[PDB]
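Asks: Below you'll find the structure I mean.
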Amino acid sequence: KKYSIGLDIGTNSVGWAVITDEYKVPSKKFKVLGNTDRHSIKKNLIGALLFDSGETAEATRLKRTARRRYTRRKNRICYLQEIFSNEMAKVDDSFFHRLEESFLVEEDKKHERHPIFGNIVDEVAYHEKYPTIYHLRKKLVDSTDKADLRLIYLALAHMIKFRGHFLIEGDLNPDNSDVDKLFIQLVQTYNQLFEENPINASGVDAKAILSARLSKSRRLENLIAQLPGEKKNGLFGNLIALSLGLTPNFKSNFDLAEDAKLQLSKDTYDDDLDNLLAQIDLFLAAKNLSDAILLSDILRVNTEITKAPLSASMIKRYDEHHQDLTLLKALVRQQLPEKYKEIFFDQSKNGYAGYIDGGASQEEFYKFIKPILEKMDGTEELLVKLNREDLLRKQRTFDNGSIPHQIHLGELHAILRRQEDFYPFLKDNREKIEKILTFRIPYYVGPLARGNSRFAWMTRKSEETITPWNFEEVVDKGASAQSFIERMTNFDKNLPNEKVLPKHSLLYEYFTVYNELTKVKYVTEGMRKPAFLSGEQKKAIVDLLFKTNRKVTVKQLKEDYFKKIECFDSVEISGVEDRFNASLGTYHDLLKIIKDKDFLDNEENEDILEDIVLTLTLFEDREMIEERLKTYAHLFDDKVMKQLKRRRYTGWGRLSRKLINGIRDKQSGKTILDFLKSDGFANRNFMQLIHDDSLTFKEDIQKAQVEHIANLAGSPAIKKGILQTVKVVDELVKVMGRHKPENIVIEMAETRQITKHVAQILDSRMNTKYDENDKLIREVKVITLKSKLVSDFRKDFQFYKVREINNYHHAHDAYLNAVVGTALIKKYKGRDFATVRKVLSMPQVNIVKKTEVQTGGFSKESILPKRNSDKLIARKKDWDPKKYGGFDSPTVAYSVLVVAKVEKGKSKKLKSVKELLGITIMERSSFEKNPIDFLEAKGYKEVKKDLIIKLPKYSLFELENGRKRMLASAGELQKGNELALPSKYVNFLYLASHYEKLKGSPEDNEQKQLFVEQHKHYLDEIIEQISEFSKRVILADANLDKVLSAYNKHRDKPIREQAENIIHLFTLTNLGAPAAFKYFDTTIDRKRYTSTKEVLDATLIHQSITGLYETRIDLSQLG
RNA sequence: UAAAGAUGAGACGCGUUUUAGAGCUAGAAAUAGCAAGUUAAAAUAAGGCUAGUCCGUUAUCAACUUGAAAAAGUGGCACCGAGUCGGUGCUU
DNA sequence: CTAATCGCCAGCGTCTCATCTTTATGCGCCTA
DNA sequence: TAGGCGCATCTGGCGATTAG
């Protein structure tokens, strides 16, 4: 048949050959279908398939989580409104209506332009009293008097929208800033309780607090400098545990059980405090100090006369910026003229022009402003502020990101406690408002769907809508967490219907250690062949050794077993090594927590113990572990539960319950574990037992073992090439008669990657035969091959290639993969070389660009300012493009050809027209079901439905003199022709590019140097070839003469310095989008084909995925 | 073995757009001189219904047939030749 | 006057949690 | 003998411009 096929899968291109008759490229005759009277097309069987790269789901997941966050925030505001409505409907009119209707202009607005009150005098009075919301915040904290419901609503709404980073567990007191002056008190309390009175430096407390804050990695040296005398505990990390937190875990001075390794500020810190206090101070004020340092890091209030230090700090920022601005305004206008307009009265330049109503930022403003005040007198008073980057500060910036929800929590609680006397309506909802602050959906629950979504898994205990106040009542948290863990854990491959066991469970880990110890054998001095341990001595080992010491087999069970066999020592062991692998760590952990070993060794309650390990391996949070352990609280409450809940396990296994102890053999009545315990004189392991001869374990395995195989990870770009290659082979088998190919060769898209499993799909499809001994034979081979062979063959036999000329190189790589792969097989190098030279020279290579309907975002994301243009598209249907707009430049999906009548001019007499029209992504579905209505609504009339042709991206057109174009946009054309550059220029041009690098160490340097020196006329001949090809198919005469002028002048550096730049003229000639390029000093701008009108009267081509079957439509006949 | 990604789940801080923050003085304006600037509301793919505190940017893509559809179909041969596929003979 | 040319512009940084797969090691083994 | 299994160790859009 000589149907040896080949392939070269890639990220953006898949190549293919079809046969290797005489290990040569074949040629074959095909006919076409369509209006053209041609049928004698004799093609090659070589081709390449180019396509866009496959994108990952990371960006899509990011936008999905973003819109989920947005709608949850809107629902939080809606809950806020639901609480406030019953009194705001009586205190105000259309309040939330006018807050929702703030986008619209005064013509579209229905109530009032002013969003807060609805009056102008009250608005300006409110703004002059409070220039910033934080002034109102401080007023509602320190007022001690009743205020307006609208203002307190704005305060709570501000905190609910802008909430906090949610990273600190526990609580922080808002008034814990005077305790920052009690750091000396804390250290002196530690001194008086200690028995050496350690010394300290007074007045350095705040200085050392900011010094250690700046010295994040030099905190050791900072603590050594701040604490004199004894500093071993400070260098160990005790003082950093007091101030910053116990980031390390090393022991400083012990004194609390084994070591002081408890968490500083977390959910487990309170539980770990009981264990530290059991072996018992300084921690009580150390926690307050840890609050104080983080408070003073971000909230700088020197004297505590307020309970709202965030608002106090923002007021200080406002006052500093105002005072220093009115200093600079009076200084610059009196010292430096001719700049005042540029800094103060500009908008489109950096400085204070762009810092307020322009697009400039803080860094650009600082960089602009430094030379301005670097040269005047009375300076450096602001350069010192500039060096600390707190010059002319604004409040709402990036720096207020570390703001704690604990501070907003206690701050809102402070306002509610202050104001609850005056308003009894919202006193009763204080706890649920506080919940609305603190409500988060846990990460193990997921979206609150009903199974229609492909992402949610949560199980509802009760059927009701989910609110923050009924979350624990409606949602069953334990089953939801179990499903969350189980939906992403793999199944066991032997039987895919059951879940696998945890890595550190009793039965599982016991089977691992039993599988090792059954393989552990003993050798005799009499009989040379060692016999397996077996007997009841397998039982005797584990209870006497493994149930007593953690990791008994670390060069230690050896001497322990030698003492056991001290009279049996004529018989010696033949174990794997001195240190074994498995252990009874879970056994000994729960042993050291438990006080009863009888039931544990009784090996009967392992059903209970499996659930015991299951909860600790599955779940994380202490309370939600606790509720599941409450079933055994009838006996495990007092002396177990205090220590067992602190233990947690991490790790999942690969075997399952049903396989390991469910399936037993009827001839013996014993399961696999009992087979390992009492297998007889011959002990078979897991692999030997499951696939043993005359064993019924294989029949039950095959009973349950009998497009979805593509999910093999390896990025979501490679899978596109895999499926395209499968489709290409599937469609090629149809073309080449109906016979099955000889063999398949596939390329790299390490050998352990997705390619090995990708070959198996080709096996499963091609070697499809009867299971009984017909699929046992392999009619066809599928081969994957290492790239070093084809690269060395490339360097050996002079088939070089630069990637910048043409896309024929993809198909030639696929061809060379097939040739060398088949060449290794036929003899178990040849006469091929002249034939392969001929093959790579050939001008007809079936290059197709995969026509694809575009999907993705509708348009650009930036919201542009309003303008009098039709390019802008309304952001929402409610709004208007020219009024607000901002969304322009949409991405089209595909084009269509249409012929119809249309009216134009003042005559209103109708003319006929034939057009190409592009459809956008946003309107595609509207086109599909309403084409006849959609094009008539868009402007045509009396349209003929049967003449409409759909045209995706990269639709191919053919014009006069063999000129082809591809259509990417609606009306922008891309180059469709390829430069069939002969091999004489390529062989020269590679060696010219390699004039000084990799020209051949074994005296191959000199010959290749003189070859390109003596063939320098090839430079001129390539310029003529590019020129002739460009005048015929490219039509780039202006850029061509520009290039010719640059080529003629740049000849003083004529050896290979042309050649690297000559590679850049091929950027003009390649297929696809035109690209700008540089040629020596001159830079050549791209020329863009807008004239889509010429393809209306051209010939349209439809091509198969391999390109061998074509369909041509003559658009002149349709006109 | 640490990194490395690849998947889902829960949260922050900016940015943009429109709107609200009464501009004054002398001049026909031409404009000129002058105060002033730090904040807030709404939206954050149009939208879809199953009306969920859910879904909407990943992956799927030649025409001509029969299928409402999953799909199943669909168009001879060999030598001699190369400028983006031609010549000739067998052949039915 | 309506169609080619030229220059410019494209939404962003941090946290927390889980699973699985890979650069590279064996031990006990097995099927084709 | 290869292949598997269990456990660990940038390129289309758009406004301003020129111009055939």
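In the structure tokens, the first chain shown is A, the next is B, and so on; residue numbers restart at 1 for each chain, and ligands run from 1 in the order shown.
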So that I can check the surroundings of residue 685 (chain A), please list as an MDAnalysis selection string every protein, DNA and RNA residue that reaches within 9 Å of it, counting only C-alpha atoms (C1' of nucleotides) and ignoring chain neighbours fewer than 6 positions away.
Replies: (chainID A and resid 515:516 518:519 676) or (chainID C and resid 28:29)
Asks: What are the residues of chain A that have an atom within 8 Å of an atom of chain D, counting only C-alpha atoms (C1' of nucleotides), as an mmCIF file with N, CA and C atoms, in the first residue's frame?
Replies:
data_model
loop_
_atom_site.group_PDB
_atom_site.id
_atom_site.type_symbol
_atom_site.label_atom_id
_atom_site.label_comp_id
_atom_site.auth_asym_id
_atom_site.auth_seq_id
_atom_site.Cartn_x
_atom_site.Cartn_y
_atom_site.Cartn_z
ATOM 1 N N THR A 512 0.122 -1.756 53.291
ATOM 2 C CA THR A 512 1.446 -1.433 52.750
ATOM 3 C C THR A 512 2.557 -2.128 53.538
ATOM 4 N N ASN A 581 10.411 1.179 54.830
ATOM 5 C CA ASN A 581 9.679 2.312 54.283
ATOM 6 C C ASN A 581 8.425 2.637 55.084
ATOM 7 N N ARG A 654 -4.093 5.609 46.702
ATOM 8 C CA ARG A 654 -4.426 5.174 45.352
ATOM 9 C C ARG A 654 -5.134 3.826 45.281
ATOM 10 N N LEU A 655 -5.432 3.195 46.411
ATOM 11 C CA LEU A 655 -6.218 1.968 46.455
ATOM 12 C C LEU A 655 -7.509 2.222 47.225
ATOM 13 N N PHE A 686 0.615 -7.797 45.991
ATOM 14 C CA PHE A 686 -0.597 -7.215 45.420
ATOM 15 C C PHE A 686 -0.656 -7.430 43.909
ATOM 16 N N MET A 687 0.441 -7.112 43.212
ATOM 17 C CA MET A 687 0.512 -7.287 41.764
ATOM 18 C C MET A 687 0.429 -8.753 41.363
ATOM 19 N N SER A 889 -14.425 49.634 19.080
ATOM 20 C CA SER A 889 -13.627 48.624 18.385
ATOM 21 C C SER A 889 -14.080 47.205 18.715
ATOM 22 N N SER A 969 -10.256 40.332 9.030
ATOM 23 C CA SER A 969 -11.278 41.217 9.558
ATOM 24 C C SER A 969 -12.477 41.237 8.616
ATOM 25 N N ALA A 1073 -0.862 38.877 8.625
ATOM 26 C CA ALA A 1073 -0.899 40.315 8.823
ATOM 27 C C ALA A 1073 0.432 40.942 8.421
#
Asks: Please identify all residues of chain C having at least one atom at most 8 Å from any atom of chain A, considering only C-alpha atoms (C1' of nucleotides), and return them as a ChimeraX atom specification.
Replies: /C:10-11,15-21,27-30
Asks: What separation in Å, quoted to one decimal, exists between CA of residue 903 (chain A) and CA of residue 933 (chain A)?
Replies: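 These two atoms are separated by 17.5 Å.
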Asks: From the list A:791, A:313, A:252, A:1111, which residue is nearest chain B when using only C-alpha atoms (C1' of nucleotides)?
Replies: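 Between A:791, A:313, A:252, A:1111, the residue approaching chain B most closely is A:1111.
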Asks: Please list as a list in words every residue within 10 Å of residue 994 (chain A), counting only C-alpha atoms (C1' of nucleotides) and excluding residues in the same chain fewer than 6 positions away.
Replies: residues 988, 1000, 1005, 1008, 1009, 1056, 1059 and 1060 of chain A
Asks: Tell me which of A:751, A:855, A:868, A:296 sits closest to chain B, counting only C-alpha atoms (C1' of nucleotides).
Replies: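 Once distances to chain B are computed over only C-alpha atoms (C1' of nucleotides), the minimum belongs to A:855.
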Asks: Running DSSP on the backbone, which parts of region 354-541 of chain A land in alpha helix (DSSP H), as a VMD selection string?
Replies: chain A and resid 362 to 373 383 to 387 405 to 419 430 to 438 471 to 474 477 to 486 506 to 519 537 to 541
Asks: One decimal, Å: what's the distance from CA of residue 730 (chain A) over to CA of residue 706 (chain A), could you say?
Replies: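 Straight-line distance from CA of residue 730 (chain A) to CA of residue 706 (chain A) works out to 25.0 Å.
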